[PDB]
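Listed below are the residues making up each chain.
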Amino acid sequence: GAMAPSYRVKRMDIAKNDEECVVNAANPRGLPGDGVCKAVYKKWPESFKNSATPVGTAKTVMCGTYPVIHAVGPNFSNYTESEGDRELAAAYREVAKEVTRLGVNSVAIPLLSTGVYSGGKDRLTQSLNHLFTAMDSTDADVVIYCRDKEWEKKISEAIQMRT
Ligand SMILES: Nc1noc2ccccc12
Ligand SMILES: Nc1noc2ccccc12
Ligand SMILES: Nc1noc2ccccc12
Ligand SMILES: [Cl-]
Ligand SMILES: [Cl-]
């Protein structure tokens with residue numbers, strides 16, 4: 001565990017993280033895909049061997065000794081708001097199980113279902129609150145990666161609010 005488990009947010013490419021493992025915002029088929037997934041495929045391509053896993057689950061594949069946790073959030077274009085919300089919560093619970101099983105002291109994590117799977121809606125709060133529900137009982141240092149300057153401010157505020 002970390003000596004004083006924390007949440008932090010950084011605005012940069014998750015493929016340049018400084019943590020002991022990474023969560024990929026994966027597709028169910030283990031394909032190279034877009035956004036975070038595209039960077040993850042370029043950085044850790046060996047981790048995509050048998051990475052296919054259903055919506056609402058996480059599957060870990062090693063790149064050397066570095067763990068890549070493939071977490072499949074729902075595509076809100078296809079799911080109802082209700083079913084989508086259930087699957088997005090579930091994906092994060094499976095990430096918390098994997099992080100605990102691996103015994104890492106830190107994890108880099110993107111906000112699942114906020115990009116091309118968002119169904120054209122702002123899901124910062126919905127996705128972040130499911131991340132907190134899952135990860136609050138873990139003792140890993142969590143570092144959230146984002147791209148947008150206004151998202152960095154809102155994520156930083158949400159973390160600071162509960163401190
Ligand atoms: N400023 C940036 N260039 O590329 C990125 C990828 C992810 C997050 C931030 C950046
Ligand atoms: N949080 C992110 N959204 O898009 C990205 C692309 C590369 C790495 C991180 C991010
Ligand atoms: N859907 C998004 N717009 O900007 C972002 C920045 C970081 C993560 C997700 C989004
Ligand atoms: Cl960067
Ligand atoms: Cl997404």
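Per the PDB record, the structure was determined using X-ray crystallography to 1.53 Å resolution.

Enquirer: Before we go on, may I ask you to explain the overall build of the chain in this structure?
Expert: Counting its regular elements, the chain contains four helices and six strands. Across the chain, helices and strands are ordered from the amino to the carboxyl terminus as β-β-α-β-β-α-β-α-β-α. Every one of the 163 residues in the chain was classed for burial, and the buried ones make up 49%. A gap of 5 Å separates the mean positions of the 21 positive and 20 negative side-chain charges of the chain.

Enquirer: Even after reading the chapter, I still don't get the site of ligand 2, so can you show me in this structure?
Expert: The local shell around ligand 2 consists of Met12, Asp13, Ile14, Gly35, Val36, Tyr145, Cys146 and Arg147. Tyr145 is positioned with one of its backbone polar atoms (N or O) 3.0 Å from a nitrogen atom of ligand 2. Residue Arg147 places a side-chain N or O atom 3.4 Å away from an oxygen atom belonging to ligand 2. Along the lines of polarity and charge, the residues of the shell around ligand 2 split into five nonpolar, one polar and two charged.

Enquirer: Looking at this structure, how should I read the site of ligand 3?
Expert: Surrounding ligand 3, one finds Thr114, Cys146, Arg147, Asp148 and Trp151. For ligand 3, a nitrogen atom lies 2.5 Å from a polar atom in the backbone of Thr114. Here ligand 3, which alone exposes 270 Å², has 79% of that area covered by the protein. Partitioning the shell around ligand 3 into residue classes produces two nonpolar, one polar and two charged.

Enquirer: It is not clear to me how the nonpolar core should be interpreted in this structure. Could you clarify?
Expert: Generally speaking, soluble globular proteins have nonpolar side chains that are buried together. One finds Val95, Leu111, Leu131, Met135, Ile144 and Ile155 to be the most contacted residues of the largest nonpolar core, which totals 32 residues. For this core, the secondary-structure elements that each account for two or more residues are β1 (7-11), β4 (66-71), α2 (81-102), β5 (106-110), α3 (124-135), β6 (141-146) and α4 (149-161). Setting aside anything within four residues of it in sequence, one finds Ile155 in contact with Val9, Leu111, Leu124, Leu128, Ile144 and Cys146. Listed in part, the 14 residues of the second largest apolar core include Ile14, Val40, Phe48 and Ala108.

Cut-offs applied
Residues numbered from 1 in each chain as written, not as in the entry; some residues may be left out. Chains lettered and ligands numbered in written order. Heavy atoms only, no water. Helix = DSSP H or I, 4+ residues; strand = E, 2+ residues; numbered from the N terminus. Buried < 20%, exposed > 50% of the residue type's maximum accessible area, 1.4 Å probe, protein only. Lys, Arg positive; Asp, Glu negative; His and termini not counted. Charge placed at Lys NZ, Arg CZ, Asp CG, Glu CD. Near = heavy atom within 4 Å. Polar contact = N/O pair within 3.5 Å; in protein donor to acceptor, adjacent residues only side chain to side chain. Nonpolar A, V, L, I, M, F, W, Y, C, P; charged D, E, K, R; others polar. Areas by Shrake-Rupley, 256 points an atom, 1.4 Å probe, with all protein chains shown as cover. Core = buried A, V, L, I, M, F, W, Y, C linked by side-chain atoms within 4.5 Å. Contact = heavy atoms within 4.5 Å.

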